[PDB]
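A.B. asks: opening piece of the complex, as it sits:
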Amino acid sequence: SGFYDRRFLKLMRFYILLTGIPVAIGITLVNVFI
Amino acid sequence: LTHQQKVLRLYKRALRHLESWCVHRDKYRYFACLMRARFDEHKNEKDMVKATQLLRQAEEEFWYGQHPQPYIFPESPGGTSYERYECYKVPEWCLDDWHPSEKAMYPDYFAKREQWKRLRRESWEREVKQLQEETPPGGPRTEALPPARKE
Amino acid sequence: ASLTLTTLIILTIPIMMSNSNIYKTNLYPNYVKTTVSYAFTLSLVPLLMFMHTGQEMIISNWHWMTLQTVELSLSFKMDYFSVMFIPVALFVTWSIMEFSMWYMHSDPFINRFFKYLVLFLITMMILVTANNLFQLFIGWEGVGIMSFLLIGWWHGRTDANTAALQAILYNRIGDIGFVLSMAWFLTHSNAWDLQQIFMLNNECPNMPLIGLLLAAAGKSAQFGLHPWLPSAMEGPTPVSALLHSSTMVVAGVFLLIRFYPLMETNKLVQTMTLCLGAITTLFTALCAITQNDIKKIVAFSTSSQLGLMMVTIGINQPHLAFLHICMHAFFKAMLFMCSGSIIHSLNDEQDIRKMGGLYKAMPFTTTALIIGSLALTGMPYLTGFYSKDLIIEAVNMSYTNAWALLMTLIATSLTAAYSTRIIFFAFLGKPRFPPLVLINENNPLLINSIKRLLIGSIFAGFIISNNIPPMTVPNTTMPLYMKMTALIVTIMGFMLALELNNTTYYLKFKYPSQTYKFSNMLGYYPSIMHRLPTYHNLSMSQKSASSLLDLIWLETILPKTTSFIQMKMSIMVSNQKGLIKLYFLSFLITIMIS
């Protein structure tokens, strides 16, 4: 069964990106302006 | 082991290395026929005590000529692919673990499968009693015949 | 500047896409072949800006860790070598992509396989491009471990695993030398950079060059280190084609190529390099004369080519030495892929002796294998010529040890030898593969692949020999047999090998001579250098180290000692008894003493 692994990756990717987006975008906005 | 099967395996063996040398189907055919001709032309019948000596001769005569590497079919222990696919042959009990969201996707196969597993768990005590029955204290032989069910 | 870095970096992206659902799709790999395609298309451009005006560049976009004095930083030098080499790798690897889509088309996990391909190639790019020596080390070692992941692809059978472990082992033995050199430049030159090191080392370096030489011996499979390369054929064919043909193993000498001027500082380096590269050409080629695998033969061939180009370095002509690689890749990839076509066609039977005589059964593969064999042979205006002839000729007219030159001669003979062996048994005979014939050359992508490599295989020698600036400065005078020798030795090769091979066709059973058993036992070398030292060590690591040295003495010497002495003392002081007269009288005498 490959379910448990893919689930794990779904979770992990989802969180690292969950917090991942606000941070990256924040860094970019800080780059272009201030 | 016994003498007859012994000399036989020596024959198939030597014959195969002999192909490994002769390469061409032609030459190989010729020397093959010459070879079997040697085994019969020699002592196709004889007393044993001489015969074993004839083997001890033959083993040497072979071992000298055995060729650094025989041709080997891939399935065979030499093999260019003796276990190429052992990466894949997953034992069945492992599927019995997929959990329902996967198990739902093959209703048919799983159905048939519980049919089987049922057949086994139902069957087992009979193989117990039979194995218990046919066996003496427990000799060299492995397995025993079916008699009314399962085996 | 933007160009080269793009011709690297885009390769990274599919791996990134590896976590994306497209990776899980059947659809993934063709995005990879297309990816390398665009990568190549982009890759040509720097070479042309490099052409007519000839400019070269180094960039070091970002320092990574600023130590005292030393400040290592990633730095992509883009000299002649690094610029010229990239399109080659992209080209052949792209062909390997297209090939592999068919070779594996049945196989599960194929997507993972391609992931490992790109993952390998990118490390190779790390090695060819890197200026800063440490970065060369990451490219080095990383290529090594990719070799490990791919050799073990059919991880089920043990032999694959032993092959993989074997390869990592000999590479590591080379890596010792690499580290020795890598330290010594820092301790002395204080550097790890080709600018620094080239600048400060006008003086003779008596020792770093030899350890670095050993490292060069590592990947390149010199004589002391050859066997892993033949055993590396055990991985599935497109892999062995990928890098054991070219993209990996050539890097081992590529390293030595990068550091020519320092070599030029010494005499003993050029010396010993030649001293060994020659004998590995010979000793490998001899085993190459008499094998039965397609791939083993092609493997011994590739290593022999490597020894040849190794003396090409050792003869103090680095430029041609590099030149030979760029030609060599096409040849070898041709051979392994056509061989892959044969092998897949027949349900995979590597052994020639029951390989059929199928000259007509697969005519296109036939053509391919023919131009390939002629190219490796060194035919006068075909691509292999522009390397090989210039090489061995330059060896002739150079001052040098001669016996090695002799070895180059027998070797270049044997090239023609095994190259005719494989032709003979592969095609000419009345076929003798087992009956049924599933044979099917057809499947267009394969065709296109072999096509492109043929194209390069015939034009590239001329085109590239023409376009490159004349760093060689040609030697073209005395005498006439000078140039003839390269041909006549080949001709002797075909005549002897072929008349011999036909003489094999005339009944009369014979039994092997000792030379046969020798050269066909790969020189006995694996069967003695593997069954022996490993035994003395694995025994020693239990007969001694694991056991008596550290489980039985090292514990006896201070736990068991004290632990025993307290047994004795404790049973002695606490003597259980307690009769008064005893210790009471002891109070007496202890007073008398006190």
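C.D. replies: Okay, I see it. Numbering: from 1, shown residues only, chains lettered A, B, ... in the order given.
A.B. asks: not counting sequence-adjacent ones, nearest residue to the closest residue to chain B within chain C?
C.D. replies: Per CB to the nearest CB, the residue of chain C with the smallest distance to chain B is residue C:156, at 3.3 Å. No exception for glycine: its C-beta is placed from N, CA and C like everyone else's. Nearest residue to residue C:156 in three dimensions, chain neighbours excluded: residue B:86, at 3.3 Å (CB to CB, 6 or more residues apart in numbering or on different chains).
A.B. asks: verify the contact between that neighbour and residue C:157 for me.
C.D. replies: Yes - counting by CB atoms under 8 Å, residue B:86 does reach residue C:157; the two are 6.8 Å apart.
A.B. asks: of those two, who's got more company?
C.D. replies: residue C:157 (20 against 12; other CB atoms under 10 Å in any protein chain shown).
A.B. asks: geometric centre of chain B: which residue is closest?
C.D. replies: Geometric centre of chain B, nearest residue: residue B:76, 9.9 Å, by CA atoms, centre = their mean.
A.B. asks: assumed that residue was part of a helix.
C.D. replies: No - counting by DSSP: H, G, I helix; E, B strand; the rest coil, residue B:76 is not found in a helix; it is coil.
A.B. asks: could you pull up phi and psi at it?
C.D. replies: phi -70, psi 160 (degrees, to the nearest 10).
A.B. asks: put the alpha carbons of stretch C:465-484 into CSV.
C.D. replies: C-alpha atoms of stretch C:465-484 as CSV (Å, rounded to 0.1, in the frame of the first residue of the first chain):
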residue,chain,number,x,y,z
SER,C,465,38.9,19.5,-35.6
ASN,C,466,38.3,22.4,-37.9
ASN,C,467,36.7,24.9,-35.6
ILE,C,468,39.2,24.6,-32.7
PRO,C,469,42.1,27.0,-32.5
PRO,C,470,45.5,25.4,-33.3
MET,C,471,46.7,24.8,-29.7
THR,C,472,48.3,21.6,-31.0
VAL,C,473,50.9,23.1,-33.3
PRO,C,474,51.3,20.1,-35.7
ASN,C,475,54.2,17.9,-36.3
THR,C,476,54.3,16.9,-39.9
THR,C,477,57.6,15.8,-41.4
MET,C,478,59.7,12.6,-41.1
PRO,C,479,59.0,9.9,-41.9
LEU,C,480,56.4,8.3,-44.2
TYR,C,481,55.8,5.1,-42.3
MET,C,482,55.1,7.3,-39.3
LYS,C,483,51.5,7.9,-40.5
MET,C,484,51.2,4.5,-42.1
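A.B. asks: put chain D on too:
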Amino acid sequence: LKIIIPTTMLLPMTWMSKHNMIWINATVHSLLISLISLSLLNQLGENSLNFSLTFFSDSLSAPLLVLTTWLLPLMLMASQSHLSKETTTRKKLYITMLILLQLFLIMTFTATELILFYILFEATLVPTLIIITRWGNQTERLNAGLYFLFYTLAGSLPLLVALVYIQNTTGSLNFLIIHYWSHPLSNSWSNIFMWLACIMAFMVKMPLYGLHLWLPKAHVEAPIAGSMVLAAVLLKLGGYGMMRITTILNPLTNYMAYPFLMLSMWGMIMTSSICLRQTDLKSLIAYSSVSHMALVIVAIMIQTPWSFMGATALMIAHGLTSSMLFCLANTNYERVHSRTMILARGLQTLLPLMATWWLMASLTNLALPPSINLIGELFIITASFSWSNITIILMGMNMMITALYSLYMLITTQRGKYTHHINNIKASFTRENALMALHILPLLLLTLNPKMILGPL
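C.D. replies: Same chains as before, plus chain D:
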């Protein structure tokens, strides 16, 4: 003093936590306090950071401190399925050992008085003993407890008396001033015994080749939460202290290094060689650990600044990778109870992602670029090579065998056929993957920014 209070504060929280929720409490807050620990990392490029009169934070300590704070949640994630059937009061008692332990670590890294540093250095011994002895499996653990114990004390006790001595022969025992007021001690015979007295304890706690015997026999026994600490940290702290006390000594070190450089330079190749033929995995890892610590200890003794840089880096990297291999082995041991490596066989066939972690972990065990393990190791080979041109011939052999057995543990317990009858395996929990992802990700990010891990020099 800010990071240290909450670490104490989890204890009331643990005891007062609802009986079936405690793991979440301890986990979450341990993670938070890790993040607070991370702010310490800043240090300074010149002066060592200072705080109270009684603490300070040298760059040498900070990455270690961050690590030590980081490990607690990990040990929790590993433990919290290993035990379940245990009574609530006993479990609640159990995590207290762990946290109490790290509390002693956060105290003993920031030091500052070397007597305070000592008394905590030895205070660590108790909770780890309790854990090895009460929650280890199989009989031998009892005996193991003793080996773990006396080898520390027999080393530590003379060090103790020596410390007291110095603060009498000089002014204060404090580290800063002794760093400044430092004056050479030289030959004679009293000074030599001073030397060994101030070295042997530190060279016991990070195992030395002639003395390492307790360490494997600890790791064979301890429940994994004990293993992760006993490997990843305590060794490293012994190294930290030995790097501390070398502010004194000199020039005598130049004269006394040799014997220990022989036990180390030879013991590395030796133990690695023993490492090449173990019966069971859980030991194999341990000997790999000694085989790497020898590098640290020569790196300290040649005392060249490159060698201390490499010392720091290798200490941390080996910390994480060793702990990783241990949890990663315990998983198998729970799935099949084999312990012996031979029974696992074709584990890759039956499940993939663990094979991936085996790959990453072993891969960084052998150390290939640009793992902080590797870069940590290459420096000390550099400085060693400066110290003696011959020395490379030894180091190279290490880099040979550490390849082999490492790959070996991979290819023997994975690649190959599944054993047939072993039906016990059950397809990988989320916490498992979560755990080892937690080991390995920091280890890889960390390569991007070495400059914050190389330490004071």
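A.B. asks: about what we covered before: okay, the residue nearest to the centre of chain B and chain D: tell me how far apart.
C.D. replies: 18 Å (CB to the nearest CB, to the nearest Å).
A.B. asks: over to residue C:435?
C.D. replies: Residue C:435 sits 33 Å away from chain D, going by CB to the nearest CB.
A.B. asks: and that residue, which of the three is it?
C.D. replies: Criterion first, three-state DSSP; result for residue C:435: coil.
A.B. asks: any idea how far it is from residue B:71?
C.D. replies: In this view, residue C:435 and residue B:71 are 16 Å apart by CB to CB, to the nearest Å.
A.B. asks: up against chain B, what does chain D have?
C.D. replies: D:346, D:349, D:350, D:416, D:417, D:418, D:420, D:423, D:426, D:427 (CB under 8 Å from any CB of the partner chain).
A.B. asks: try chain A
C.D. replies: A:1, A:3.
A.B. asks: now residue D:143. Nearest residue, chain neighbours left out?
C.D. replies: Residue D:143's closest residue in space is residue D:217 (CB to CB, 6+ apart), at 7.6 Å.
A.B. asks: could you name the helices and strands sitting against the helix or strand containing the one you found?
C.D. replies: Using DSSP states H and E, residue D:217 sits in helix D:214-219. Packing partners of helix D:214-219 (3 or more CB pairs under 8 Å, 6 or more residues apart in numbering or on different chains; DSSP states H and E): helix D:141-169, helix D:224-232, helix D:281-301.
A.B. asks: point to the residue nearest the middle of chain C.
C.D. replies: Chain C, centroid-nearest residue using CA atoms, centre = their mean: residue C:249 at 2.3 Å.
A.B. asks: so who does it touch?
C.D. replies: C:219, C:220, C:221, C:229, C:243, C:302, C:303, C:306 (CB atoms under 8 Å, 6 or more residues apart in numbering or on different chains).
A.B. asks: also, this goes in as chain E:
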Amino acid sequence: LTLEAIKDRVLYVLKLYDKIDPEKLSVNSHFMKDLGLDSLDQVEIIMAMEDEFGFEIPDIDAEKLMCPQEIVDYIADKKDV
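C.D. replies: If we add chain E to the chains shown above, we get the following:
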């Protein structure tokens, strides 16, 4: 591959062997009690027959052999048709 293909190709090889007289050959036709071929030729027929497939015959299984149906059964097992 299919069972008929196996039985057919097998007999199709047994037919070509000289010592067998093709009309007497039958799938169930016995090998010693019927037909005098003897083991020294039995080894020939078996190796030559496996050679047609490229398949490999283990020796102890080669000892049984005899009835061609037993053979087609055997390849049927090993190829799992």
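A.B. asks: was I right to think the residue nearest to the centre of chain B contacts residue B:82?
C.D. replies: Yes - with contacts counted by CB under 8 Å, residue B:76 reaches residue B:82, the gap being 7.0 Å.
A.B. asks: quick one: contacts for the closest residue to residue C:511 other than its chain neighbours?
C.D. replies: Using CB to CB, 6+ apart and skipping residues adjacent in sequence, the residue nearest residue C:511 is residue B:65, 5.3 Å away. Contacts here follow CB under 8 Å, 6+ apart; on that basis residue B:65 touches B:17, B:21, C:511, C:512.
A.B. asks: part of a strand, is residue D:197?
C.D. replies: No - Residue D:197: not assigned to a strand; according to three-state DSSP it is helix.
A.B. asks: neighbours of it, how many?
C.D. replies: 17.
A.B. asks: that one contacts residue D:160, doesn't it?
C.D. replies: No - the pair residue D:197 / residue D:160 is not scored as a contact, 9.3 Å apart, by CB under 8 Å.
A.B. asks: which helix or strand contains residue C:502?
C.D. replies: helix C:481-503.
A.B. asks: contacts for the helix or strand that that helix is followed by next, please.
C.D. replies: Later in the chain than helix C:481-503, the nearest helix or strand by DSSP H and E is helix C:514-520. Helix C:514-520 has contacts (CB under 8 Å, 6+ apart) with B:68, B:69, C:286, C:287, C:289, C:290, C:291, C:512, C:524.
A.B. asks: buried sites along helix C:514-520?
C.D. replies: Going by neighbour count (16 or more other CB atoms under 10 Å in any protein chain shown), the buried part of helix C:514-520 is C:518, C:519, C:520.
A.B. asks: ditto for stretch C:539-555
C.D. replies: Buried-residue list, stretch C:539-555, by 16+ other CB under 10 Å: C:541, C:542, C:545, C:546, C:549, C:550, C:554, C:555.
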